[PDB]
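K.L.:
Sharing my_file_4.cif here; it has mmCIF, C-alpha atoms and all ligand atoms.
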```
data_target
loop_
_atom_site.label_atom_id
_atom_site.label_comp_id
_atom_site.auth_asym_id
_atom_site.auth_seq_id
_atom_site.Cartn_x
_atom_site.Cartn_y
_atom_site.Cartn_z
CA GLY A 118 -16.65 9.43 -8.87
CA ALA A 119 -14.70 8.15 -5.99
CA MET A 120 -11.24 9.72 -6.26
CA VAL A 121 -10.08 11.35 -2.97
CA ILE A 122 -6.25 11.53 -3.57
CA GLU A 123 -4.40 11.83 -6.92
CA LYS A 124 -0.69 12.56 -7.12
CA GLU A 125 1.11 12.54 -10.54
CA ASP A 126 4.62 12.56 -11.84
CA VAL A 127 6.61 12.50 -8.62
CA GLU A 128 9.77 10.52 -7.76
CA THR A 129 11.86 9.27 -4.84
CA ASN A 130 15.59 9.84 -5.08
CA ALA A 131 18.68 10.76 -3.01
CA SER A 132 17.70 14.43 -2.87
CA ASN A 133 14.37 13.83 -1.12
CA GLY A 134 15.57 11.00 1.21
CA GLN A 135 13.85 8.57 -1.22
CA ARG A 136 10.49 9.76 0.03
CA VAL A 137 7.46 11.74 -1.16
CA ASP A 138 5.51 12.89 1.87
CA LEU A 139 1.67 12.82 1.52
CA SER A 140 0.98 13.14 5.30
CA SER A 141 -1.29 16.18 4.67
CA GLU A 142 -3.76 13.66 3.18
CA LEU A 143 -3.96 11.54 6.34
CA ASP A 144 -7.44 12.69 7.44
CA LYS A 145 -8.86 11.63 4.00
CA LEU A 146 -7.39 8.12 4.57
CA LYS A 147 -8.68 7.78 8.16
CA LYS A 148 -12.19 8.42 6.96
CA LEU A 149 -12.23 5.54 4.41
CA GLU A 150 -14.14 2.28 4.91
CA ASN A 151 -14.07 0.75 1.45
CA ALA A 152 -11.00 1.95 -0.50
CA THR A 153 -8.67 1.44 -3.40
CA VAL A 154 -4.96 2.49 -3.55
CA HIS A 155 -3.49 2.34 -7.04
CA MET A 156 0.10 3.18 -8.09
CA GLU A 157 1.82 3.12 -11.46
CA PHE A 158 5.54 3.22 -10.94
CA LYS A 159 8.98 2.31 -12.33
CA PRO A 160 11.55 0.96 -9.84
CA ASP A 161 15.23 1.42 -10.56
CA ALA A 162 16.40 -1.99 -12.22
CA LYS A 163 18.51 -3.63 -9.40
CA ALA A 164 16.05 -2.89 -6.60
CA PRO A 165 16.49 -3.34 -2.83
CA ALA A 166 15.22 -6.74 -1.47
CA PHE A 167 12.44 -4.88 0.31
CA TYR A 168 11.02 -1.48 -0.64
CA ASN A 169 7.80 0.40 0.14
CA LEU A 170 5.48 1.74 -2.54
CA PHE A 171 2.79 3.40 -0.35
CA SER A 172 2.64 3.41 3.43
CA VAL A 173 0.91 5.00 6.44
CA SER A 174 2.96 4.97 9.62
CA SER A 175 3.36 6.33 13.16
CA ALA A 176 5.81 8.71 14.83
CA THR A 177 5.09 7.00 18.25
CA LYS A 178 4.29 3.36 17.42
CA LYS A 179 7.03 1.62 15.48
CA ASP A 180 4.94 -1.44 14.63
CA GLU A 181 1.69 0.22 13.60
CA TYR A 182 1.57 0.89 9.87
CA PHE A 183 0.08 0.00 6.50
CA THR A 184 2.38 -0.82 3.57
CA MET A 185 2.01 -1.83 -0.05
CA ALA A 186 5.53 -3.07 -0.72
CA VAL A 187 7.77 -5.16 -2.97
CA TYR A 188 9.72 -8.03 -1.59
CA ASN A 189 12.25 -9.79 -3.85
CA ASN A 190 10.05 -8.53 -6.75
CA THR A 191 6.81 -9.98 -5.16
CA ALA A 192 4.08 -7.35 -4.69
CA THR A 193 3.21 -7.59 -1.03
CA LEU A 194 0.99 -5.95 1.64
CA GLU A 195 0.87 -5.65 5.40
CA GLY A 196 -1.20 -3.74 7.98
CA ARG A 197 -0.59 -3.86 11.72
CA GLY A 198 -2.57 -2.07 14.44
CA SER A 199 -1.57 -0.62 17.85
CA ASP A 200 -1.02 -4.16 19.19
CA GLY A 201 1.33 -5.00 16.25
CA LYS A 202 -1.07 -7.80 15.16
CA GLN A 203 -1.63 -8.58 11.45
CA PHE A 204 -4.68 -7.18 9.76
CA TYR A 205 -4.29 -9.41 6.66
CA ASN A 206 -2.98 -12.74 5.63
CA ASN A 207 0.61 -13.01 4.44
CA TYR A 208 1.26 -11.66 0.97
CA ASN A 209 5.05 -12.18 0.99
CA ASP A 210 4.68 -15.35 -1.08
CA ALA A 211 1.76 -14.04 -3.20
CA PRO A 212 2.22 -15.25 -6.80
CA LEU A 213 2.59 -11.97 -8.83
CA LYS A 214 5.88 -10.06 -9.29
CA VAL A 215 6.76 -6.60 -10.66
CA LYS A 216 9.48 -6.13 -13.35
CA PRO A 217 12.02 -3.62 -11.99
CA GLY A 218 13.35 -1.16 -14.47
CA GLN A 219 9.95 -0.96 -16.22
CA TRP A 220 6.45 0.44 -15.69
CA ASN A 221 4.26 -1.59 -13.39
CA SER A 222 0.97 -1.04 -11.49
CA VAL A 223 -0.07 -2.43 -8.10
CA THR A 224 -3.63 -1.98 -6.82
CA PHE A 225 -4.88 -2.72 -3.29
CA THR A 226 -8.63 -2.84 -2.47
CA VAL A 227 -10.29 -3.13 0.91
CA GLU A 228 -13.94 -3.86 1.67
CA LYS A 229 -15.25 -3.46 5.19
CA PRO A 230 -17.14 -6.45 6.73
CA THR A 231 -20.78 -6.76 5.58
CA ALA A 232 -23.48 -9.46 6.11
CA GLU A 233 -22.12 -11.39 3.11
CA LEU A 234 -18.37 -10.65 3.70
CA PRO A 235 -18.31 -11.32 7.41
CA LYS A 236 -14.58 -10.64 7.84
CA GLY A 237 -14.27 -8.12 5.03
CA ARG A 238 -12.14 -8.53 1.90
CA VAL A 239 -8.74 -7.35 0.79
CA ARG A 240 -7.21 -7.87 -2.71
CA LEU A 241 -3.82 -7.01 -4.29
CA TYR A 242 -3.51 -6.89 -8.04
CA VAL A 243 -0.31 -6.53 -10.11
CA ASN A 244 -0.54 -5.09 -13.64
CA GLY A 245 -4.34 -5.50 -13.79
CA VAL A 246 -4.31 -9.17 -12.52
CA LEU A 247 -5.52 -10.41 -9.14
CA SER A 248 -2.58 -11.75 -7.15
CA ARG A 249 -4.22 -12.79 -3.86
CA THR A 250 -7.44 -12.27 -1.88
CA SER A 251 -7.36 -12.18 1.96
CA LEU A 252 -10.49 -12.62 4.08
CA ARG A 253 -9.01 -12.13 7.59
CA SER A 254 -10.16 -8.49 8.02
CA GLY A 255 -11.25 -5.37 6.10
CA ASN A 256 -9.17 -3.24 8.48
CA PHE A 257 -7.50 -0.10 7.15
CA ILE A 258 -6.26 3.35 8.26
CA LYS A 259 -9.44 3.98 10.40
CA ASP A 260 -8.12 1.07 12.54
CA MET A 261 -4.79 2.68 13.28
CA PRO A 262 -5.25 5.34 15.97
CA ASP A 263 -1.57 6.45 16.24
CA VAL A 264 -0.71 7.07 12.61
CA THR A 265 0.88 10.41 11.67
CA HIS A 266 2.67 9.98 8.34
CA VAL A 267 1.77 8.98 4.79
CA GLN A 268 4.42 8.40 2.12
CA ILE A 269 5.66 6.97 -1.13
CA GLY A 270 9.05 5.35 -0.54
CA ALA A 271 11.11 5.57 2.69
CA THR A 272 8.79 5.09 5.68
CA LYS A 273 9.14 6.75 9.07
CA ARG A 274 8.42 4.19 11.84
CA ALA A 275 8.92 6.21 15.05
CA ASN A 276 12.57 7.14 15.13
CA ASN A 277 13.73 5.01 12.21
CA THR A 278 13.20 5.37 8.48
CA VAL A 279 13.29 2.24 6.33
CA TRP A 280 12.24 0.76 2.96
CA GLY A 281 13.49 3.60 0.70
CA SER A 282 14.24 3.07 -2.98
CA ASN A 283 14.40 5.13 -6.17
CA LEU A 284 10.99 5.12 -7.94
CA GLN A 285 9.39 7.11 -10.67
CA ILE A 286 5.71 7.48 -9.95
CA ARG A 287 3.37 8.30 -12.85
CA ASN A 288 0.46 8.22 -10.41
CA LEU A 289 -0.85 7.42 -7.00
CA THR A 290 -4.65 7.42 -6.80
CA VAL A 291 -6.77 6.62 -3.76
CA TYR A 292 -10.50 5.98 -4.15
CA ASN A 293 -13.24 5.87 -1.54
CA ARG A 294 -14.69 2.56 -2.80
CA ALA A 295 -13.22 -0.79 -3.72
CA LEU A 296 -12.76 -1.08 -7.49
CA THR A 297 -13.97 -4.38 -8.94
CA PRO A 298 -11.57 -6.79 -10.69
CA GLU A 299 -13.14 -5.49 -13.96
CA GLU A 300 -12.45 -1.84 -13.03
CA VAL A 301 -8.85 -2.71 -12.05
CA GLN A 302 -8.45 -4.31 -15.54
CA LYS A 303 -9.50 -1.10 -17.36
CA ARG A 304 -8.74 1.75 -14.93
CA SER A 305 -5.11 0.83 -14.18
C1 LIG B 401 5.84 -7.46 4.86
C2 LIG B 401 7.05 -7.86 5.71
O1 LIG B 401 7.86 -8.73 5.35
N1 LIG B 401 7.08 -7.24 6.90
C3 LIG B 401 8.02 -7.61 7.94
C4 LIG B 401 9.21 -6.67 7.94
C5 LIG B 401 10.01 -6.60 6.62
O2 LIG B 401 10.34 -7.96 6.16
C6 LIG B 401 11.34 -5.82 6.87
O3 LIG B 401 11.15 -4.54 7.50
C7 LIG B 401 12.02 -5.61 5.51
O4 LIG B 401 13.34 -5.08 5.70
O5 LIG B 401 10.15 -7.08 9.08
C8 LIG B 401 9.64 -6.92 10.33
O6 LIG B 401 10.66 -7.49 11.24
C9 LIG B 401 11.93 -6.81 11.21
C10 LIG B 401 12.08 -6.08 12.57
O7 LIG B 401 11.78 -7.00 13.75
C11 LIG B 401 11.87 -6.27 15.05
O8 LIG B 401 11.83 -7.11 16.20
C12 LIG B 401 10.58 -7.71 16.42
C13 LIG B 401 10.83 -9.24 16.52
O9 LIG B 401 11.54 -9.76 15.33
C14 LIG B 401 9.47 -9.89 16.70
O10 LIG B 401 9.51 -11.35 16.54
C15 LIG B 401 8.99 -9.48 18.08
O11 LIG B 401 7.79 -10.19 18.36
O12 LIG B 401 8.76 -8.01 18.11
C16 LIG B 401 9.94 -7.19 17.76
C17 LIG B 401 9.59 -5.69 17.73
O13 LIG B 401 9.09 -5.33 16.43
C18 LIG B 401 13.21 -5.53 15.21
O14 LIG B 401 13.14 -4.76 16.44
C19 LIG B 401 13.49 -4.64 14.01
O15 LIG B 401 14.77 -4.01 14.19
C20 LIG B 401 13.50 -5.52 12.75
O16 LIG B 401 14.37 -6.63 12.95
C21 LIG B 401 9.44 -5.42 10.66
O17 LIG B 401 8.76 -5.12 11.68
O18 LIG B 401 10.02 -4.60 9.91
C22 LIG B 401 8.31 -7.73 10.48
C23 LIG B 401 7.33 -7.42 9.28
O19 LIG B 401 6.20 -8.24 9.41
#
```
Let me see whether you can do it: turn the structure in this file into structure tokens.

P.N.:
Amino acid sequence: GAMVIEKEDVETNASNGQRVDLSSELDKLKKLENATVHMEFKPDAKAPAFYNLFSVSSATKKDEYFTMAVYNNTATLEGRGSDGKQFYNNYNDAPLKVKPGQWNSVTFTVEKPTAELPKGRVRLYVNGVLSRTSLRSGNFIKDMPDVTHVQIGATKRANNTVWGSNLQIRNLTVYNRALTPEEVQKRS
């Protein structure tokens, strides 16, 4: 199949600066056009207001990054290129929330633009259920020329590190195609 990254049973905590570095997998991410990023995780119960689940970021460009994040329990998503402009529509007020202190999954899919999807397609699902679809772009890591770092948890944006939290991560899986809603229902 389509699996290009799988990381199991890792965690972010004080001892690792609330971060699991995956930056060695950056070239695999840059190559993707259609993609899925899936995480199954358990946040500590009284979570920070904003915390990153999976991000790609830059040592030189503070505002160029991709993040799947949680904001006041809402599963959210943002990608910004070398001009700092948004790749996707706002997800901060997307309808689906995670339950901290328990197991949850969040799945992001991206489809590059095609004849029938002229601006591409991005979806975020929470616990197998579509939260929001965004048809602004199908931009992804291939569209971020200055990225250097990949991580679960605390995210290095140039000379600052932000969005850390304590997470148990049963798995992070990245695929080289966009799973369908039906696959997200069964494969989560
Ligand atoms: C998904 C999401 O909400 N992303 C926003 C992000 C997060 O809410 C926070 O990081 C969570 O803690 O906040 C961002 O804004 C915070 C930073 O703004 C920077 O200044 C901006 C300024 O506010 C802009 O209006 C201006 O046009 O450009 C400046 C340079 O970036 C500050 O310099 C920085 O210290 C923070 O205050 C973020 O970038 O983190 C915006 C995300 O969209």

K.L.:
Quick one: distance from CA of residue 175 (chain A) to CA of residue 296 (chain A) in Å, one decimal?

P.N.:
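One can read the CA of residue 175 (chain A) to CA of residue 296 (chain A) distance as 27.2 Å.
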
K.L.:
Just checking: using all atoms listed in the file, which residue out of A:153, A:169, A:244, A:222 ends up closest to residue 188 (chain A)?

P.N.:
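Selected residue with least distance to residue 188 (chain A): A:169.
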
K.L.:
Report as CSV the residues of chain A within 7 Å of ligand LIG 401 (chain B), each with its shortest atom pair and distance in Å (one decimal), using all atoms listed in the file, ordered by chain and increasing residue number.

P.N.:
```
residue,atom,partner,partner_atom,distance
A:167,CA,B:LIG401,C7,5.3
A:180,CA,B:LIG401,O13,6.0
A:193,CA,B:LIG401,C1,6.5
A:194,CA,B:LIG401,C1,6.0
A:195,CA,B:LIG401,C1,5.3
A:209,CA,B:LIG401,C1,6.2
A:280,CA,B:LIG401,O4,6.5
```

K.L.:
What's the separation between CA of residue 292 (chain A) and CA of residue 273 (chain A), in Å to one decimal place?

P.N.:
23.7 Å

K.L.:
Using all atoms listed in the file, I'd like a table of the residues in region 231-292 of chain A that come within 12 Å of region 196-201 of chain A; for each, show the closest atom pair and its distance in Å rounded to one decimal, ordered by chain and ascending number, as JSON lines.

P.N.:
```
{"residue": "A:239", "atom": "CA", "partner": "A:196", "partner_atom": "CA", "distance": 11.0}
{"residue": "A:253", "atom": "CA", "partner": "A:196", "partner_atom": "CA", "distance": 11.5}
{"residue": "A:254", "atom": "CA", "partner": "A:196", "partner_atom": "CA", "distance": 10.1}
{"residue": "A:255", "atom": "CA", "partner": "A:196", "partner_atom": "CA", "distance": 10.4}
{"residue": "A:256", "atom": "CA", "partner": "A:196", "partner_atom": "CA", "distance": 8.0}
{"residue": "A:257", "atom": "CA", "partner": "A:196", "partner_atom": "CA", "distance": 7.3}
{"residue": "A:258", "atom": "CA", "partner": "A:196", "partner_atom": "CA", "distance": 8.7}
{"residue": "A:259", "atom": "CA", "partner": "A:198", "partner_atom": "CA", "distance": 10.0}
{"residue": "A:260", "atom": "CA", "partner": "A:198", "partner_atom": "CA", "distance": 6.7}
{"residue": "A:261", "atom": "CA", "partner": "A:198", "partner_atom": "CA", "distance": 5.4}
{"residue": "A:262", "atom": "CA", "partner": "A:199", "partner_atom": "CA", "distance": 7.3}
{"residue": "A:263", "atom": "CA", "partner": "A:199", "partner_atom": "CA", "distance": 7.3}
{"residue": "A:264", "atom": "CA", "partner": "A:199", "partner_atom": "CA", "distance": 9.3}
```

K.L.:
Just the selected residues (C-alpha atoms), exported as an mmCIF file, in the frame of the given file, please.

P.N.:
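So part.cif came out as:
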```cif
data_model
loop_
_atom_site.group_PDB
_atom_site.id
_atom_site.type_symbol
_atom_site.label_atom_id
_atom_site.label_comp_id
_atom_site.auth_asym_id
_atom_site.auth_seq_id
_atom_site.Cartn_x
_atom_site.Cartn_y
_atom_site.Cartn_z
ATOM 1 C CA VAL A 239 -8.740 -7.350 0.790
ATOM 2 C CA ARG A 253 -9.010 -12.130 7.590
ATOM 3 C CA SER A 254 -10.160 -8.490 8.020
ATOM 4 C CA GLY A 255 -11.250 -5.370 6.100
ATOM 5 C CA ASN A 256 -9.170 -3.240 8.480
ATOM 6 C CA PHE A 257 -7.500 -0.100 7.150
ATOM 7 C CA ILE A 258 -6.260 3.350 8.260
ATOM 8 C CA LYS A 259 -9.440 3.980 10.400
ATOM 9 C CA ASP A 260 -8.120 1.070 12.540
ATOM 10 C CA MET A 261 -4.790 2.680 13.280
ATOM 11 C CA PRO A 262 -5.250 5.340 15.970
ATOM 12 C CA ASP A 263 -1.570 6.450 16.240
ATOM 13 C CA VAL A 264 -0.710 7.070 12.610
#
```

K.L.:
Quick one: 5 Å padding each side, axis-aligned, all listed atoms of region 142-159 of chain A - centre and edge lengths in Å to one decimal, as JSON?

P.N.:
```
{"center_x": -2.6, "center_y": 7.2, "center_z": -2.1, "size_x": 33.1, "size_y": 22.9, "size_z": 30.5}
```

K.L.:
Between A:223, A:187, A:252, A:289, which one has atoms that come closest to residue 268 (chain A), using only C-alpha atoms?

P.N.:
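Smallest separation from residue 268 (chain A) among the options: A:289.
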
K.L.:
CA of residue 277 (chain A) to CA of residue 203 (chain A): how many Å, to one decimal?

P.N.:
20.5 Å

K.L.:
Identify which of the residues A:156, A:267, A:211, A:185 lies closest to residue 305 (chain A), counting all atoms listed in the file when measuring atom-to-atom distances.

P.N.:
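Using all atoms listed in the file, the shortest distance to residue 305 (chain A) belongs to A:156.
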
K.L.:
May I have a table of the residues of region 171-281 of chain A lying at most 12 Å from region 123-127 of chain A, giving each one's closest pair of atoms and their distance in Å to one decimal, counting only C-alpha atoms, ordered by chain and ascending residue number, as CSV?

P.N.:
```
residue,atom,partner,partner_atom,distance
A:171,CA,A:124,CA,11.9
A:268,CA,A:124,CA,11.3
A:269,CA,A:127,CA,9.4
A:270,CA,A:127,CA,11.1
```

K.L.:
Pick from A:121, A:149, A:215, A:275: nearest to residue 228 (chain A), with only C-alpha atoms counted?

P.N.:
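With only C-alpha atoms as the atom set, the closest residue is A:149.
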
K.L.:
Which of these residues is nearest to residue 214 (chain A), using all atoms listed in the file: A:274, A:202, A:179, A:249?

P.N.:
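Going through A:274, A:202, A:179, A:249 one by one, the smallest distance to residue 214 (chain A) is for A:249.
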
K.L.:
Please identify all polymer residues within 6 Å of residue 266 (chain A), counting only C-alpha atoms, omitting same-chain residues fewer than 2 positions from it, and present them as a VMD selection string.

P.N.:
chain A and resid 140 173 to 174

K.L.:
Go through A:133, A:250, A:288, A:283 and flag the residue nearest residue 238 (chain A), using all atoms listed in the file for the distances.

P.N.:
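With all atoms listed in the file as the atom set, the closest residue is A:250.
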
K.L.:
I want to know what sits within 12 Å of residue 297 (chain A), based on all atoms listed in the file, with residues of the same chain fewer than 4 positions away left out; could you give that as a PDB file with C-alpha atoms, in the coordinates of the input?

P.N.:
```pdb
ATOM      1  CA  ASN A 151     -14.070   0.750   1.450  1.00  0.00           C
ATOM      2  CA  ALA A 152     -11.000   1.950  -0.500  1.00  0.00           C
ATOM      3  CA  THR A 153      -8.670   1.440  -3.400  1.00  0.00           C
ATOM      4  CA  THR A 224      -3.630  -1.980  -6.820  1.00  0.00           C
ATOM      5  CA  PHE A 225      -4.880  -2.720  -3.290  1.00  0.00           C
ATOM      6  CA  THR A 226      -8.630  -2.840  -2.470  1.00  0.00           C
ATOM      7  CA  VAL A 227     -10.290  -3.130   0.910  1.00  0.00           C
ATOM      8  CA  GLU A 228     -13.940  -3.860   1.670  1.00  0.00           C
ATOM      9  CA  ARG A 238     -12.140  -8.530   1.900  1.00  0.00           C
ATOM     10  CA  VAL A 239      -8.740  -7.350   0.790  1.00  0.00           C
ATOM     11  CA  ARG A 240      -7.210  -7.870  -2.710  1.00  0.00           C
ATOM     12  CA  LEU A 241      -3.820  -7.010  -4.290  1.00  0.00           C
ATOM     13  CA  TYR A 242      -3.510  -6.890  -8.040  1.00  0.00           C
ATOM     14  CA  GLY A 245      -4.340  -5.500 -13.790  1.00  0.00           C
ATOM     15  CA  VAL A 246      -4.310  -9.170 -12.520  1.00  0.00           C
ATOM     16  CA  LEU A 247      -5.520 -10.410  -9.140  1.00  0.00           C
ATOM     17  CA  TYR A 292     -10.500   5.980  -4.150  1.00  0.00           C
ATOM     18  CA  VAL A 301      -8.850  -2.710 -12.050  1.00  0.00           C
ATOM     19  CA  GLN A 302      -8.450  -4.310 -15.540  1.00  0.00           C
ATOM     20  CA  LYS A 303      -9.500  -1.100 -17.360  1.00  0.00           C
ATOM     21  CA  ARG A 304      -8.740   1.750 -14.930  1.00  0.00           C
ATOM     22  CA  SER A 305      -5.110   0.830 -14.180  1.00  0.00           C
TER      23      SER A 305
END
```
